[PDB]
Amino acid sequence: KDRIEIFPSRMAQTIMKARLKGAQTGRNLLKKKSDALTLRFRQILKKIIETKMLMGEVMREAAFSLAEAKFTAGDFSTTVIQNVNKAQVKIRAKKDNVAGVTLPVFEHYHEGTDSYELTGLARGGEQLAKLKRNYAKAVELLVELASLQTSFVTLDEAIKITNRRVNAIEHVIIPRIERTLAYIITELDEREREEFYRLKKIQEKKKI
Amino acid sequence: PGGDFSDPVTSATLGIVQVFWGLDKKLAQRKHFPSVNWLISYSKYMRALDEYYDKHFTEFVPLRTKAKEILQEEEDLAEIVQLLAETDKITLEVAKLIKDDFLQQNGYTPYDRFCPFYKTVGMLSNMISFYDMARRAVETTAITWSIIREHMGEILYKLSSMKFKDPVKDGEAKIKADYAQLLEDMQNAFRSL
Amino acid sequence: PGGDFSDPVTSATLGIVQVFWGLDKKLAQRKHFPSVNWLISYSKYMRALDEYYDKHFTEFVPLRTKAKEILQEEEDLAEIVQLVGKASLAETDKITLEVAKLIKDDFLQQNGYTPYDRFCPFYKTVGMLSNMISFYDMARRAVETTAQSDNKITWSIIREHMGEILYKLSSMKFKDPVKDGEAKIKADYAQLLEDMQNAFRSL
Amino acid sequence: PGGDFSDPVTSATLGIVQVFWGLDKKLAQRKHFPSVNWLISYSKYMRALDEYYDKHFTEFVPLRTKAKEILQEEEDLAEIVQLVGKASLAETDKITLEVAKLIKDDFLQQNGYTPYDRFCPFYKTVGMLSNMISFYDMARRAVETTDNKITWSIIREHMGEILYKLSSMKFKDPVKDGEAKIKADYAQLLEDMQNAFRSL
Amino acid sequence: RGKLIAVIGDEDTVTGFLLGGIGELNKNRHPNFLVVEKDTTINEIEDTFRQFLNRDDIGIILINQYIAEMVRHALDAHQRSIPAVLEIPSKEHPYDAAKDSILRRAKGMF
């Protein structure tokens with residue numbers, strides 16, 4: 001196992017040398033790919049918290065407007081939970097090839113179905129439309145954050161795969177090949193030496 | 001010999017002759033006589049035949065340079081590929097097609113007893129055009145390789161079966177008309193994408 | 001010299017003898033003291049001997065073949081285990097790997113300088129291999145029969161179920177040819193086999 | 001030949017010589033005029049000269065060992081920085097590679113084309129080494145980092161002026177400067193740092 | 001266009017989001033949400049989360065932080081990207097930053 005089983009010859013030297021050069025080029029490329037993927041990972045990390053804080057303040061404002069609407073119309077919660085048939089917003093799953101990996105990503109699609117206007121309870125529609133905006137902005141930002149989330153997890157798994165490959169080529173393949181190469185060199189030198197000895201012997205005998 | 005590239009005989013011959021052809025590292029396909037090694041294969045009559053060819057054929061110069069480029073291209077990539085980009089794919093299967101059909105003459109068969117100039121011209125021209133009509137970009141010009149394969153499987157079989165046009169039986173006009181018809185088939189297939 | 005097999009002396013001897021017991025330095029480095037590289041070793045007296053086993057130890061014949069195949073399959077996986085880690089293989093594969101590992105650690109290993117292992121009578125070896133292969137096929141069939149069920153038996157479950165039984169199977173090698181009758185050790189092997197049967201059926 | 005260290009000559013020489021001063025063209029690309037790759041160099045006469053340095057330069061002996069330790073430390077620190085980045089570092093780590101930066105820029109690099117930096121008389125070197133290590137020793141067992149701590153940005157905003165003087169120590173010319181003058185000046189820098197930790 | 005946002009929360013969140021139109025009844029007349037209060041149990045929450053997992057038209061989950069605390073093991077065990085689970089905290093109570101499923105993945109961070 002410690003050496004690739006090949007009989008020593010000059011052809012063996014050339015082929016092993018080519019394979020060695022190839023191993024270094026492949027290693028170097030995979031290292032570079034890993035660097036780029038790490039950069040994209042860190043870039044995601046840099047914005048997750050900013051999105052989270054904007055999230056927090058927006059949701060706080062929106063659920064405040066909900067509290068005010070509850071003061072206005074009283075108990076519209078019961079009727080709105082009562083009225084659930086169709087939604088006006090869906091999510092579109094599209095792809096991003098930031099690198100050789102495929103990245104899941106989402107988009108905030110608006111179907112456009114009619115919303116359930118509520119006006120019976122003391123005519124609270126003035127608060128209700130305010131809510132329709134406050135929560136809608138939040139929903140948009142959610143869809144964005146979720147896109148970021150799925151991208152993050154898939155990116156993590158891919159980068160770990162590439163790191164596995166880099167370690168595999170770095171700590172296993174190269175030492176085996178170079179050990180083989182050294183062994184071939186040694187065998188060839190020994191053979192040439194034996195030839196030299198035989199020729200010198202016959203030459204010395206030629207004197208008689 | 002066993003020392004394909006180090007025996008003094010090949011060395012001495014290499015230092016004298018003007019045109020040399022060699023085989024590559026011995027492939028598993030031991031019957032693969034038409035191999036070519038770009039490392040030591042060369043010809044020094046490229047200049048002297050320019051003035052002859054300028055009044056017979058001038059199209060083959062870019063085609064030959066492209067063939068050399070694409071052969072070099074998979075020669076460079078196959079190492080990493082053993083250890084992807086769409087252009088890499090297009091180029092790889094194009095080069096394999098070239099290696100399998102343009103090269104790999106049996107020699108002994110009714111279909112390789114002799115290949116005149118026009119048959120080579122048609123073969124390589126159609127191959128390189130097929131390469132060019134896809135290599136340009138993801139789109140038809142500035143999808144994936146699999147959709148190209150599933151659409152043009154029949155066309156690819158025709159590309160491979162180009163070699164079965166016997167010159168001894170089929171007249172030259174029929175064979176070149178067939179090449180042109182199949183070229184139009186490729187054009188129609190690519191334009192529908 | 002050099003530890004390889006390129007010198008003309010060795011190559012000359014290979015062309016004459018019929019049986020070959022290669023040794024590998026790393027194995028003796030492991031303190032796997034009887035360092036025999038089964039992979040490279042071979043024997044050309046397999047024929048003209050089957051009659052003896054058919055007349056005395058007929059069951060040994062399939063058993064050894066099974067063991068050889070298991071060793072080969074372990075080797076055939078080990079490279080891809082080494083290149084790429086675990087958690088990418090089916091239950092059968094890891095089961096075969098682990099049982100092959102225990103075969104390696106117990107059956108192949110043999111310390112002839114302890115008083116109790118200076119010599120191993122053949123029937124002891126036959127019984128040991130019989131117990132091993134019986135356990136192996138029982139476990140493999142059990143996990144296979146539950147492949148499409150709602151509760152797939154994994155290797156961790158087998159360990160939780162039979163750690164102590166595996167320990168006894170490992171300590172199986174502690175049978176002195178003297179100071180311990182043939183009958184009692186044979187009965188011990190049979191009783192262990194019955195225990196393995198009971199533990200499997202209980203699962 | 002081509003850097004191959006398996007050449008029988010290279011092995012034979014490396015087995016007999018005691019001191020090896022490796023050189024690196026990569027260092028010369030940075031314009032490090034004394035291009036000496038410390039990470040590969042070594043000296044086996046350390047014990048040979050310990051008596052002379054005990055007799056004459058008692059204080060020198062501990063300093064160099066700490067310096068070598070700092071070099072190994074900043075190597076490791078650079079590794080972990082390459083893994084993530086300098087943000088994740090603690091404050092002790094920040095101080096250590098900052099001292100590594102300053103030693104590399106002043107005590108390590110040389111410019112032999114200036115009258116003030118073309119000959120080390122070995123007592124100026126002792127002084128600047130002692131001052132460097134005194135600063136490094138201030139970083140330990142004298143700050144809150146060794147409850148709330150003090151980040152090095154605060155220490156910089158406090159005495160960047162004395163950091164700059166420590167850096168500019170290199171510009172002392174022995175021919176024009178009395179030996180006593182330079183020792184007194186470096187003592188002045190030391191007691192300036194003394195007032196510096198007294199105030200903070 | 002493909003999938004359906006789903007939300008589990010107290011009355012405040014579910015009301016506010018159904019105002020935003022997040023909500024659907026399938027052909028079997030089954031909601032994509034669960035109103036949870038003191039009367040709702042942990043095992044019901046986990047079962048309904050698995051019911052969401054069974055559906056092929058979800059994509060996104062919106063869990064109130066109390067609910068996340070209640071079924072932490074189910075959330076953590078489900079290391080799947082197909083539900084892009086997002087944590088969100090409740091009205092009257094502090095923001096939930098610790099125990100975030102992704103912040104644990106990061107190490108060089110707060």
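Residues numbered from 1 in each chain as written, not as in the entry; some residues may be left out. Chains lettered and ligands numbered in written order. Part of a larger assembly, values for the part shown. Heavy atoms only, no water.

- Method of determination, as given in the entry header: cryo-EM; reported resolution: 4.3 Å.

1. Notes on the arrangement of the chains
Working step 1: If you rank the four pairs of chains in contact by how many contacts each has, first place goes to chains A and E.
Working step 2: Separated without contact, chain B and chain C have their nearest C-alpha atoms at a distance of 13 Å.
Working step 3: Spatially, chain D is disjoint from chain E: no contact exists, and the shortest C-alpha separation is 6 Å. (Contact = heavy atoms within 4.5 Å.)

2. What about a positive patch on the surface?
Working step 1: On the surface, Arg40(A), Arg42(A), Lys46(A) and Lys47(A) cluster together into a positively charged patch.
Working step 2: Residue position: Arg40(A) is located in helix α1 (residues 10-73). (Patch = residues over 30% accessible without salt bridge, like charges linked within 9 Å, V, L, I, M, F, W, Y side chains within 5 Å. Areas by Shrake-Rupley, 256 points an atom, 1.4 Å probe, with all protein chains shown as cover. Salt bridge = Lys/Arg side-chain N within 4 Å of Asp/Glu carboxyl O. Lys, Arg positive; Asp, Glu negative; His and termini not counted. Charge placed at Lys NZ, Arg CZ, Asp CG, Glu CD. Helix = DSSP H or I, 4+ residues; strand = E, 2+ residues; numbered from the N terminus.)

3. Things to note about unusual backbone geometry
Working step 1: Phi at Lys31(D) is positive, roughly 75 degrees, even though this residue is not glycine.
Working step 2: Here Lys31(D) falls in the exposed class, since its relative accessible area comes to 59%.
Working step 3: Phi at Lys99(E) is positive, roughly 60 degrees, even though this residue is not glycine.
Working step 4: With respect to the helices, strands and loops of the structure, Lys99(E) is situated in the segment after β4 (84-88). (Buried < 20%, exposed > 50% of the residue type's maximum accessible area, 1.4 Å probe, protein only.)

4. Things to note about the packing of helix α3 (residues 60-82) of chain B against helix α4 (residues 86-102) of chain B
How two helices pack is summed up by the angle between their axes together with the distance between the axes.
All names here are of chain B.
Working step 1: The contact between α3 and α4 brings their axes to 9 Å, and the two run at 115 degrees. Between α3 and α4, the interaxial angle falls into the category roughly perpendicular. As for how α3 packs across α4, the hand of that crossing is left-handed. Along its contact with α3, which presents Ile-70, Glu-73, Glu-74, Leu-77 and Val-81, the element α4 presents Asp-88, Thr-91, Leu-92, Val-94, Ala-95 and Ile-98. (Axes fitted to C-alpha atoms, helices over the stretch in contact; angles between N-to-C directions. Parallel < 35°, antiparallel > 145°, perpendicular 65-115°, else oblique. Left-handed = near helix turned anticlockwise from the far one by under 90°.)

5. Let's talk about helix α1 (residues 11-19) of chain E
Working step 1: Counting buried residues in α1(E) gives eight out of nine residues, a clear majority hidden from the surface.
Working step 2: What α1(E) keeps buried is the set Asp12(E), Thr13(E), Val14(E), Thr15(E), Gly16(E), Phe17(E), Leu18(E) and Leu19(E).
Working step 3: Its buried side turned inward, α1(E) meets α1, α2 (76-82) and α3 (125-205) of chain A together with β1 (6-9), β2 (33-35) and β3 (60-64) of chain E.
Working step 4: Of the residues trailing α1(E), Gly21(E) is marked for its positive phi of about 90 degrees.

6. Brief notes about the packing of aromatic side chains
Working step 1: In the structure shown here, the tally under the stated rule is 27 aromatic pairs over all chains.
Working step 2: For the ring pair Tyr53(B) and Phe60(B), a centre distance of 4.5 Å and an interplane angle of 65 degrees mean the geometry is edge-to-face.
Working step 3: With a centroid separation of 5.9 Å and 50 degrees between ring planes, the pair formed by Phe135(C) and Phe200(C) is classed as tilted. You can see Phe135(C) sitting in helix α6 (residues 122-145) and its partner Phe200(C) sitting in helix α8 (residues 182-202), a full 65 residues away along the chain. Like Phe135(C), the residue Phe200(C) is buried in the burial classification. (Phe/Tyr/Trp six-rings, centres within 6.5 Å; stacked < 30°, edge-to-face > 60°.)

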